[PDB]
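A lone chain, given as structure tokens: the form deposited in one PDB entry.
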């Protein structure tokens, strides 16, 4: 996260850190707890990965340097990557992770609410993006979970900054014309959440953008509302 600040406990209780351990352990991506055994993230977080035994999923963690050998973590039971996701194209950048055991809910470990199918994002005026990603281009993973407030931009305005990618109805964009606030490397798969009438909901999944926090280059997010049939079908069929 570029231009963000340090979060406090319980602000973002759905945020998880998706890490791998081979010989060393590292944070790779963010995710959102959406059910007691389900995390929602980006499909591209699985590109160039070994099988799922490598993954350690941390929830109820604010600060990655607070993690020790004895910190509990979740392991993966199933990975469901959207059937029509193709890496060079980038559309349908969405994936479900089923955990090996359900998590008990606490004030620091709770699921984010999901939107309805058919939702126009025009009612969301207070949106935030969180993660442990770089704080600048060519930067480094941050220890304390970062938060930043970013306005949504219309798909029409977003499309002007991105020839030659098509910005589809299944994407949502967010950024400042002047730049300086954005998601960055290591924030993939994390939440774009908006607060409406006292409650937070997941509007987007952190996906792509040009560099980080550049002028006139908004971040692009998978629009969760446009995949709610898929999310419901896949989690029900699995469960």
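Rigid core: the largest C-alpha set superposing within 1.5 Å between the two forms. Residue numbers count along the first chain shown, from 1.
Quick note: we don't show the form deposited in another entry, though the next part is all about it.
Among the candidates 78, 137, 157, 89, the CA atom that moves 2 angstroms or more between this form and the one not shown after core superposition belongs to 89 alone.
Superposition on the rigid core between this form and the one not shown places the CA atom of residue 116 less than 2 Å from its counterpart. Relative to this form, in that other deposited form the C-alpha atoms of residue 88 and residue 27 approach one another by 3 angstroms or more. Note: residue 228-residue 120 Cα separation is 3 Å or more shorter in that other deposited form than here.
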